[PDB]
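Here the structure comes first, spelled out in structure tokens, and everything after it is commentary.
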Amino acid sequence: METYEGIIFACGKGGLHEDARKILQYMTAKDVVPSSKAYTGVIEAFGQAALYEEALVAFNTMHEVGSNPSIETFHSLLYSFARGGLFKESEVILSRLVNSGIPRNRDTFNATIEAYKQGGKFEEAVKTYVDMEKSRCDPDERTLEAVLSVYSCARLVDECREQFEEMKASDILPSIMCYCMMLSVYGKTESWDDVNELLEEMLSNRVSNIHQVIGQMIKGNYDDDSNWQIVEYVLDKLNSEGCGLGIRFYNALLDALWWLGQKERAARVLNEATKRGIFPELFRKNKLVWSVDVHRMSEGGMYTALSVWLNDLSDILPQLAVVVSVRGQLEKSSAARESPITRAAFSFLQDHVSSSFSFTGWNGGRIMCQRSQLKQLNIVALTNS
Amino acid sequence: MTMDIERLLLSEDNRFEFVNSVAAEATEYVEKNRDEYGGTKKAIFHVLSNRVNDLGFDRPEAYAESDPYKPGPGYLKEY
Amino acid sequence: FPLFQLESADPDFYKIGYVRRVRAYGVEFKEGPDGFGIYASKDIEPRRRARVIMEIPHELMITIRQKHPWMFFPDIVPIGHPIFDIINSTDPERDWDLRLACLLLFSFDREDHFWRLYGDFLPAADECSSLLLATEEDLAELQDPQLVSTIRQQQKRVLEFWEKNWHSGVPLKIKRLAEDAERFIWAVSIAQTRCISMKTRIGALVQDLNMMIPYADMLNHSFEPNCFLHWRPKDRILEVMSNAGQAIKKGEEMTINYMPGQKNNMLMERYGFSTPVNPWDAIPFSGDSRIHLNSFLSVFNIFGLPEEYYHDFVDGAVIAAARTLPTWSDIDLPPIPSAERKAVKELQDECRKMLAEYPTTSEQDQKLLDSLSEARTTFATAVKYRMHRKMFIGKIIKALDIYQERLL
Amino acid sequence: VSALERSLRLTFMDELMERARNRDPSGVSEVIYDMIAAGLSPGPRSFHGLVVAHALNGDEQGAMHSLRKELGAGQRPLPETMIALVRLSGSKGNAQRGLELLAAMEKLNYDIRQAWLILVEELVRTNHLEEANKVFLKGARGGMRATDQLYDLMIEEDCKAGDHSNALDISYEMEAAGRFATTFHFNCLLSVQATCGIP
Ligand SMILES: Nc1ncnc2c1ncn2[C@@H]1O[C@H](CSCC[C@H](N)C(=O)O)[C@@H](O)[C@H]1O
């Protein structure tokens, strides 16, 4: 029990779903009933790879073997759903947590804000933060980062200033993720004065090494063959808290680069993430489907993903080219086609390949291009400002 | 019930297995609902009335009938 | 408050049986243009066991042993009567209908016999649907050379028997039974269309009998019957029993299975009728193209073993389609959808090739039947037969189209 | 359903069923994720191909996992899909799982008689006669009537193994169903009775 749970935790931490599945099969093949904690590690790994179907099967199997889910199990699902913006499934857990006798802790509130944010529900995201303070609790550093992303996403420059300065008002030294979100909201409004003001703060950074290297590489100082090894050195050091922290770091970084005009640099940063296992669902290239999955990405990251995907399309035929913007129960509804990600991807595709990618009549969160229309198709310019 | 018993025995090849089957079905009634039998409703009478109703005919349950002209409690009809 | 809120048969039809211990429970005899029938006079609620619908005493029947020697139960032929010699001269296998016809005509001549009265409710020569009464023009409407030749042999066999045994030198007690060939042909037609064959025990003797049973020969045929026949040896009563646990609504027709496992051409040869929902009808396919038997059965919810197919659009024709279509099966190998579409397309072409063999179509035959005004009973029966076969082939084309699409 | 959706489902189900028949459960999983990427919802016949692919490669755990995926997706498994799992369980001698699946088919309101017949024959074929008798008697005592071929199979195999107690129980149930014993069945019982030392 101790060895099985130890290995599965590592698989769930690093998002190695294939290894986690084999440990579960090995335990069953030896007539061993895995513990409730062991299944939670398997559920964690599937959520790291956006394999929601296999994650909910393991959750279903927990009750079958009598290993009822613990509080940590309902957190593995919430963080898995939060990254994809599946607030419909997040509310199912929340409506289940109140019935299961589990009070809402702080971690539950953070996932709720993150799920609503990624799902485009900006009004409901701040309401959770509004209702969180009424219930007392104690917002942590990620909660401040959770609500800062909401304001940064909906282009609130003055709200983002107040949120960001208060982070350092308590001598917290906000992480590199919050700095990259400041660059996005300043880069979205073309506020080039504030961008240079924040960059000089990240250039000195005598205390934190990651801010210095990442801040330097954004400006383009580290774009040399030998000078890209230092940037890679930081990425390998950050590639030790698992895929959970990595996806948050790359989403903010690509968002900052795209809004600052460093669109060619964002292409190489995304290429650095994929080889490290980040965004394993991003691309599929077989004879049937050529797909790009952007439901767990930021707006800047999605644009970078589409730009590379479109350029690679023109190089080469599959039966279909699809863009997965909504991946959940919201697909079977009209709300998915009104999602901010779905509209942004379609708007991005409209003025890059003319009217070649149209919606689907059978799914709200898909943007397809038939094989016949693929014949009638760089397509996107990737340059640094 | 005498005519009903003869009616049921016309559909039976052997009257001894009919007796055993009725007793077997009556035993099942008592195990299922113990307190409802032994007084006005007898299990064997219930079996016979059920088997007549299974043929599609109508009989009162367990052939139980009561005197409607009894002058209140405590009075026994005298033969 | 209560203040503010198919014709019935002749009343004497049931009465003549009723005064002779015939009992009917919850059913009524109703008469229509197509003939007599038995219908539930009320809602017959389900029970744990089969319900008694009708009871027919043995003494009102005309029965003869299926197997030699020929004994009659009840014994009505006097010793030395010349009718036994006529019965005894028959072929034991093929001439069961001739033996019953001789008994039937003999029974009509007896003053005390019940069938002297019951014979007046039998269909006449122009009302019986038996193909023995069909003219050569009626057989021309069958569009089935095999069935036509079978009927012609039946008519030839029946006629030659009358000519041999009812010649000029026979006694008057024989002449008055069948004064003309048509009278004897009608008797054989009644024998074929109404005979019920059962294994019965009478006293200590168990034997197979060919039986003419009054009031039970009014039950129509169905391949999904709600009733069955049951011989009660102890009091010598034939019971008509509704299926145990099956609810029967008021007005629903009470039916039995005349001929389990038999095709429409067999129903036409024996009873002079056919059904479009016969689950045993077959269609000759080449076998070049085959569909997946397991998929076809599951698409239409047909369960059970092949010899006991049942449905949980789907009717007896789809069940017949499952048994007659060319099928393949490889335990649990799944079918490729694109290869199954080629088979379905090729099977539908062969189905249309056979519909094109008929000069008319199914709906043209249906409107022809509605336009009739002076048509013999057998003529309409012949048209219904070919129309039912067209409806069966058309049902297969529809079933294949549904199956081809539900395989996605 | 539009014409474009039908065209894609045909080519997706063509590829999926060409890998289930190829005994490639991994490939059948890739196509299902291709369907999800295209937005097509995998129906009962798409998960049937996943169950069959695992079942054909003697994989009871993967096939059971595929069934959980189908149930977890809200789809209703086909009667043929359950029969593939029941037959697979019998081939491995897993009578408990075979009986659990039969209970599921009854819950799904299917007809378990044919699947019960298949389960018993697999256990007999795979030399699990002791397990086969347990499954057969439970069905027979439950009211199901077996085939005459399976009745003659169960009686004969039990008597060849010296198991008169099971062979006599089955023959009693065979007549209760309505199939009378013949000289063949009696000769099977006599083959064991003649060696008991009590004439
Ligand atoms: N299902 C059915 N469809 C059409 N005709 C049927 C039928 N079942 C029985 N018949 C007809 O009924 C005859 C059997 S005797 C049944 C009673 C008959 N209708 C009568 O009035 O005397 C057959 O000759 C056949 O023509």
Side-chain angles (χ1 to χ4, degrees), chain A residues 17-18 21-22 25 49 51 53-54 57 280-281 283-291 293 317-322 371, chain C residues 290-295 298-299 328-343 404-408, chain D residues 5-73 75 77-85 87-88 91:
Chain A
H17 55 273
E18 170 183 343
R21 191 184 299 105
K22 306 312 166 190
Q25 290 290 349
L51 302 176
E53 269 61 55
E54 295 174 347
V57 166
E281 78 284 358
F283 297 118
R284 307 181 62 91
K285 305 181 200 308
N286 50 86
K287 298 186 80 284
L288 292 180
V289 175
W290 262 59
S291 69
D293 202 322
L317 265 175
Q319 301 285 153
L320 213 63
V322 218
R371 175 203 284 266
Chain C
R290 299 182 169 270
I291 57 174
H292 195 248
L293 177 55
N294 301 25
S295 301
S298 61
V299 152
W328 70 279
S329 187
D330 201 74
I331 308 301
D332 286 331
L333 199 68
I336 311 177
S338 59
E340 291 281 305
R341 288 187 144 266
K342 172 184 175 181
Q404 180 187 258
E405 306 298 332
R406 285 179 180 173
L407 226 59
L408 288 179
Chain D
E5 181 179 359
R6 181 183 295 101
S7 60
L8 291 182
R9 288 194 174 273
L10 179 63
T11 183
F12 273 92
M13 192 67 91
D14 265 322
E15 182 62 35
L16 186 138
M17 281 312 183
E18 281 280 34
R19 300 183 182 181
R21 298 166 63 102
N22 202 267
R23 285 158 164 77
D24 180 21
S26 303
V28 184
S29 296
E30 307 294 338
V31 184
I32 295 183
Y33 290 139
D34 297 358
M35 300 171 58
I36 295 181
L40 304 172
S41 297
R45 308 207 104 87
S46 294
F47 293 100
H48 176 92
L50 191 58
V51 173
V52 167
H54 282 278
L56 292 177
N57 306 270
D59 193 359
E60 199 170 11
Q61 324 304 323
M64 184 60 183
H65 175 73
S66 303
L67 176 65
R68 293 164 179 170
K69 269 171 160 291
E70 184 171 15
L71 303 168
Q75 304 307 320
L78 301 167
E80 49 203 353
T81 305
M82 309 302 295
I83 292 181
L85 286 164
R87 156 162 37 243
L88 179 67
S91 68

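All chains are named by letter (A, B, ...) in the order of the sequence lines, taking the proteins before the strands, and each is independently numbered beginning at 1.
Sorted by first then second residue, the salt bridge (charged side-chain N to carboxylate O under 4.0 Å, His left out) pairs that include residues 22-44 of chain D, not counting sequence neighbours, are A:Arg284-D:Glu30, A:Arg284-D:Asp34.
When the shell of 6.0 Å around NZ of A:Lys285 is examined, it contains more than 12 heavy atoms from other residues, nucleotides or ligands.
The main-chain N or O of D:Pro25 is found under 3.5 Å from a side-chain atom of D:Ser29 such that the two form a donor-acceptor pair.
Counting heavy atoms from C-beta on, the side chains of A:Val289 and D:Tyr33 never come closer than 4.5 Å. Residues C:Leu407 and C:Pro337 have side chains not in contact (no heavy-atom distance under 4.5 Å, counting atoms from C-beta outward).
Under the side chain to side chain donor-acceptor pair (under 3.5 Å) criterion, D:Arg21 pairs with no residue at all, not counting sequence neighbours. Under the side chain to side chain donor-acceptor pair (under 3.5 Å) criterion, A:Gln319 pairs with A:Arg371, not counting sequence neighbours. With sequence neighbours left out, C:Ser338 forms a side chain to side chain contact (heavy atoms under 4.5 Å, CB included) with C:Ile336, D:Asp14. Applying the side chain to side chain donor-acceptor pair (under 3.5 Å) criterion to D:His65, with sequence neighbours excluded, gives no partner residue. Listed by chain and residue number, D:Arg19 satisfy the salt bridge (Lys or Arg N to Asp or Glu O under 4.0 Å) test with D:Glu15 (two or more places apart in sequence, or in another chain). D:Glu80 meets the side chain to side chain donor-acceptor pair (under 3.5 Å) test with C:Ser298, D:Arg45; sequence neighbours excluded. Evaluation of the salt bridge (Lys or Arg N to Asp or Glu O under 4.0 Å) rule for D:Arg6 yields C:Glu405 as partners, not counting sequence neighbours. With sequence neighbours left out, A:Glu53 forms a side chain to side chain contact (heavy atoms under 4.5 Å, CB included) with A:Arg327, D:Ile36, D:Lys69. Residues forming a side chain to side chain contact (heavy atoms under 4.5 Å, CB included) with C:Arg290 (at least two apart in sequence, or on another chain): C:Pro326, C:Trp328. Remark: D:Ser41 engages A:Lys332, D:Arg9 in a side chain to side chain contact (heavy atoms under 4.5 Å, CB included) (not counting sequence neighbours).
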Identify all side-chain donor-acceptor contacts of residues 46-55 of chain D below 3.5 Å with residues at least two apart in sequence or on another chain.
from    : atom 1 : to      : atom 2 : distance (Å)
D:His48 : ND1    : D:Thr81 : OG1    : 2.6
D:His54 : ND1    : D:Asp59 : OD2    : 3.3

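Shortest non-hydrogen contact noted between C:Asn294 and C:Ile331 is ND2-O, 3.6 Å.
The CG atom of D:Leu78 lies 6.5 Å from the CD atom of D:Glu70; values are rounded to the nearest 0.5 Å. Atoms CG and CG, on C:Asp332 and D:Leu85 in that order, are 9.0 Å from each other to the nearest 0.5 Å. Distance check: D:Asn57 CG to D:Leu88 CG gives 10.0 Å after rounding to the nearest 0.5 Å.
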